[PDB]
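What follows is a set of notes on a single structure, which appears directly below.
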Amino acid sequence: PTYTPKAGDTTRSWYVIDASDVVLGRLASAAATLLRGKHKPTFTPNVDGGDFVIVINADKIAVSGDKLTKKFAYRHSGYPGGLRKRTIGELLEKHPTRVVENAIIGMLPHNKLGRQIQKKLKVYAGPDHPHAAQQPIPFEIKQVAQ
Amino acid sequence: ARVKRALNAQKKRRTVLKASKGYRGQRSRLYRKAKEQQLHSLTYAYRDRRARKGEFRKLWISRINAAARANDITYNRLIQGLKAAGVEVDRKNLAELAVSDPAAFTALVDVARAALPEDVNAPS
Amino acid sequence: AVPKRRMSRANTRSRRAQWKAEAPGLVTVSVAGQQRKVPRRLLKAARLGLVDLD
Amino acid sequence: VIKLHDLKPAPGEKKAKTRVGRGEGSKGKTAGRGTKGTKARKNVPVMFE
Amino acid sequence: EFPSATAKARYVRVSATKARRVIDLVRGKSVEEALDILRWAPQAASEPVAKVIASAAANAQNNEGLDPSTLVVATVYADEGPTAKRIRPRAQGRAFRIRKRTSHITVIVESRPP
Amino acid sequence: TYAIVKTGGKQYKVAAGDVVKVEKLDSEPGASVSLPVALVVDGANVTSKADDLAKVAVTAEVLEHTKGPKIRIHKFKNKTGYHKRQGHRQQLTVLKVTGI
RNA sequence: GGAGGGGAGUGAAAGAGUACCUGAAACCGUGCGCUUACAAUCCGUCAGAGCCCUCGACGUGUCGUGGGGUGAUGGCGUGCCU
RNA sequence: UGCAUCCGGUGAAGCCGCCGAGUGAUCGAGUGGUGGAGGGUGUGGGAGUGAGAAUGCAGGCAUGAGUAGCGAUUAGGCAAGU
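First to last, the sequence lines map onto chains T, W, 8, V, Y and X. Convert by adding 1 to the 1-based position in the first sequence; the result is the number in the authors' numbering. Convert by adding 1 to the 1-based position in the second sequence; the result is the number in the authors' numbering. Convert by adding 1 to the 1-based position in the third sequence; the result is the number in the authors' numbering. Convert by adding 2 to the 1-based position in the fourth sequence; the result is the number in the authors' numbering. Convert by adding 5 to the 1-based position in the fifth sequence; the result is the number in the authors' numbering. Convert by adding 2 to the 1-based position in the sixth sequence; the result is the number in the authors' numbering.
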C-alpha cells in the first residue's frame, strides 16, 4: 500500500533564504513549499514533514509597483472602528519580518497543521541568524524548466 | 390476530445502534438520531470511496512531482516522456519508487527525458 | 427566558462537575487521650470540650 | 401419496395484497394518492365533472 | 486483588447527586479518614454515606475477619434509586411535578495493606 | 529485486514471496498464474521497454479466493423519500509471487 | 435510631427476598483503556500517526491476506420529515 | 393457524454479546452469557403484520438545574431538657 511515515521517518533539514532583492511572493511561495514538504517525496498532507526555513535580510525584500505605499496590511481589534491599517513600508520600517511572515502564513494552510508549520519558520531582518548550530543549507529559489 | 411489533421492530434499531458506535451524544445512543447519521455516514462513504481514488492520485502526483523536481524535471514532462517511452507504470508505483527506490525513479526520469522531444514547446 | 435547545451531555456534565464540595482540612487533637480529627477552626473548642465528638 | 401438505395453489392464482402506508420502499407515505386535494382524503364521484 | 466487604443502603431518602457530592471526597480514602471527613462535612448526605461505610467496615471486621486499620474505601457509588412523584400547585391553576428521589449507596471496602 | 505487475486492470509492486490481493481470476487455488509487468527492478538496473518486459512474466501461486470488506450502501436524498440500500463483497484472489 | 445491608440459613435457584418471573431502552453511576486544555467541530465520512487489546507466524519481537477499540492530524461535508 | 417434520429442564422463547453471513429488508438448527418452557423448519391459509415524525396517546426518564422558589407586610433569642 501507499507509504505513510511512522514516528521517525520525518527528517528535518534547515534551509536559509537570503531575501535580498528577492520578490516577496516568490520567496513566500518557495518557503511555504519547503515548510509544507512539497519538495519531498514523503509528502503526506496530514503530516508536517516539511523542513525548517530561515529567512534573512527580510527588510531588503523587493516589492513591485506602488505596493510599498498603496498596499495595506489590515488588522482588526474586534472593537468597532478597530480596523488599523499599515502599509508595507510602514510595516517594513517598524516590524520588518512581519511582511514575510504574513505572506508565508497566508500561503500556508489555515489549519492546525498550518499553525504547527509556522513554528518551523524563522524570519530575521538582518543577514545574521542564531541558528548556525543547526547548519542551514543555503536555498536559492530556482525554477525547474520545461 | 394481534401482533406485538417490538420483536420485529427492535432489529433495525439494534443494527443501527451497533453501526453507530463511536458517535457523539445522541448519535450513538438513540435510534432516531443514529439513523439520521447513518444516512449521512453512508452517503459520505459512497462519495468518499470514489473521491479516495482522486485523493490518492493527488497524493501520488504530489510525491512524483517532488521527486521529479529533485531530479530536475517537472511532473508534466515526466508523464509526457513516460508515455512517449511506452512506460505504462501507474502513479501509485511511481510514488512508491520515489519513496523507496529513488535510483529507479531517476532512471525512469532519464528515460522520460530521453523520450521527450528536443523542443517541447514546438508543434511537431 | 427559556432554553432554546437541550444542552448536550458534555456541557451539562462540564459544569455539573463544578457543583462539588471542598472537603474540610483536618488536624489531630488529643482530647480524652484519644487522637481524633477535627477542623482547625474547632481545635480550641475541642480542647475545651465544646465539640460533640459523637 | 397426496397429503394436505402437498396441496398448493396454482401459479398466478394468489397475488400478494399490496399494503400501502408501510414504507417508502412500497406504496408508502401517500398510498398512491399523491399529495393533496379532494382525492387525497376522499374519492370523487363518477357523476361529477 | 484484595479481601473486601460490601454494604448497600438502598432506598435512602436523598438524591444521588447530593450523595455523590460527598462520596467524591472519600473515594479511595481510608475508612477512618472518610468517616472523619463525613463527620465534619456540612452536607446532610454525609450521614447516610458514613453509616454505610461504617457498616461495610464492621462487616469486614466481624463477618470477614479483617483489621479495620487496613481498610480503604476501594469502591463507592450512588445509584439513582426510585423516585416518588408529587404535585406542587402553582400560579394560574398549573401543577408542577416534584420528584422525591432516592439513592442506593453501595460501598466496597478493601483491606489493602500498608 | 521487484516488479510492477499488471493484473485486475491495476498495478501491484511485488517481489518473490509477497502476498497480494487482486481482483478475481478464473483460476483455482494451488494454480500458478503468469502475469505481465510494467516495470522490473533487479536492484539498480530498471527494465522499462515494452518488448523487454513482454519477454518477462511473473509467476504467482493462487492461495485462496476471498471476499473483500462489506461495503454497505444506503443512498439517500433528503425530502424525496428516496432510500436505496445495497451491499457489496468484492471477490478477490490472494497471490503469492514466486518468481520474476 | 430505624430504613437498608453483610455473614448465616431456607430454597434447584435469592443473578426468585412480599420493592420479588424474565428484567430491554431512555436515563443515572462506578471502574479500566485510548483521547482531549492554540482550538472555530450537522458532529460524521475517507486517509491516518501514535497507544492499547487480540489472533496466527516465525523467533524470540517484527510481520500478517490480519482483526478490533481509540483516535493526533489532513481532505470532503449545509440535520430528518412535511 | 391446517398438514408434515424437528428441537427443547442434558435448558425453548425473550434479552445481552462474540464470531460471522446475505444485493436489501435482514439472517444465524453458529456460538457463549442470562433465563426458565415453550419454539424452529417446509408447504399452504389468514392478518389488529413493520412508525420517526400526526403541536400524536400512555408510561418512564432527561435538559433547564441541584437552578428559581421554599407563600407577606410581627422577630426572634438564651438557658435547661428530651
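Note that the Cβ used here is the ideal one computed from N, Cα and C, for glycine as well.
So who's on the other strand from residue 169 (chain T), going by DSSP bridges?
-> Absent from the structure is residue 169 (chain T), since the part of chain T shown begins at 2 and ends at 147.
Would you mind telling me which residues of chain X sit closer than 7 Å to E26 (chain V), beta carbon to beta carbon, in chain order?
-> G83, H85
Proximal residues of chain T, C-beta to C-beta of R92 (chain W) below 7 Å | Chain T residues near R92 (chain W): none, gap ~10 Å exceeds 7 Å.
Quick one: give me the first and last residue of the alpha helix (DSSP H) that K72 (chain T) is part of.
-> Careful: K72 (chain T) lies outside any alpha helix (DSSP H) and carries neither H nor E.
Check whether the region 31 to 42 of chain W touches the region 8 to 23 of chain W, counting contact only when three or more Cβ pairs, one atom from each stretch, lie closer than 8 Å.
-> yes
Drop a sphere of 10 angstroms on the beta-carbon of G27 (chain V), count the other beta-carbons inside from all chains shown, and report buried for 16 or more, exposed for fewer.
-> exposed
What are the residues that DSSP puts in a beta bridge with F101 (chain Y)?
-> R93 (chain Y)
At what residues does the beta strand (DSSP E) containing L37 (chain X) begin and finish?
-> 34 to 37
Taking the Cβ atom as the reference point for each residue, do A5 (chain X) and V39 (chain X) lie within a distance shorter than 9 Å?
-> yes
Among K7 (chain T), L28 (chain T), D19 (chain T), which residue has its Cα nearest to the Cα of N103 (chain T)?
-> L28 (chain T)
Exposure of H85 (chain X), with buried meaning 16 or more beta-carbon neighbours within 10 Å = exposed
Any C-beta of chain W sitting closer than 9 Å to the C-beta of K72 (chain X)?
-> no
Return no unless some Cβ of chain T is closer than 9 Å to the Cβ of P118 (chain W).
-> no
Measure the beta-carbon distance from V64 (chain T) to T98 (chain T) and round it to whole angstroms, keeping in mind my assumption that it falls under 8 Å.
-> Not confirmed; about 15 Å, so no contact.
Could you work out which residues of chain W lie near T43 (chain T), taking near to mean beta carbons separated by less than 7 Å?
-> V100
Hey, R15 (chain Y) and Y82 (chain Y): beta-carbon distance below 9 Å or not?
-> no
Along chain 8, in chain order, which residues have C-beta atoms closer than 9 Å to that of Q48 (chain Y)?
-> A22
Residues that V64 (chain T) contacts on chain W, provided the C-beta gap is smaller than 7 Å | The premise fails here: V64 (chain T) is roughly 27 Å from chain W at the closest Cβ pair, so nothing lies under 7 Å.
DSSP-derived helix/strand/coil call for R117 (chain Y) | coil
How is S35 (chain Y) classed by DSSP in three states: helix, strand or coil?
-> strand
In the region 3 to 60 of chain T, which residue ranges form an unbroken alpha helix (DSSP H) of at least 4 residues, counting only runs that do not cross its ends?
-> 25 to 37
Who are the neighbours of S9 (chain 8) on chain W, taking C-beta pairs under 7 Å?
-> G26
Closest by CA to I57 (chain T), which one among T43 (chain T), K86 (chain T), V101 (chain T), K41 (chain T)?
-> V101 (chain T)
Backbone CA spacing between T13 (chain 8) and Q27 (chain W) [nearest angstrom] | 14 Å
Status (buried if at least 16 other CB within 10 Å, exposed otherwise) for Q97 (chain Y) = exposed
Run through DSSP, which three-state label would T20 (chain V) get?
-> coil
With DSSP collapsed to three states, give me the class of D49 (chain W).
-> helix
What's the C-alpha gap between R17 (chain 8) and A62 (chain Y)?
-> 31 Å
Applying a beta-carbon distance threshold of less than 9 Å, which residues of chain X neighbour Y47 (chain W)?
-> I73, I75, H76, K77
Any C-beta of chain Y sitting closer than 9 Å to the C-beta of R14 (chain 8)?
-> no
Taking a cut of 9 Å between CB atoms, which residues from the region 58 to 87 of chain Y lie near chain 8?
-> none
Segment contact, 8 Å Cβ cut-off, at least three pairs: the region 98 to 108 of chain W with the region 60 to 74 of chain W | yes
Roughly how many whole angstroms lie between the Cα atoms of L65 (chain X) and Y45 (chain W)?
-> 34 Å
DSSP-derived helix/strand/coil call for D84 (chain Y) = strand
Sequence-distant residues of the same chain with beta carbon closer than 6 Å to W15 (chain T), five excluded per side | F53, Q135, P137
Pick from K22 (chain W), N9 (chain W), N72 (chain W), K5 (chain W): whose alpha carbon is nearest that of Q38 (chain W)?
-> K22 (chain W)
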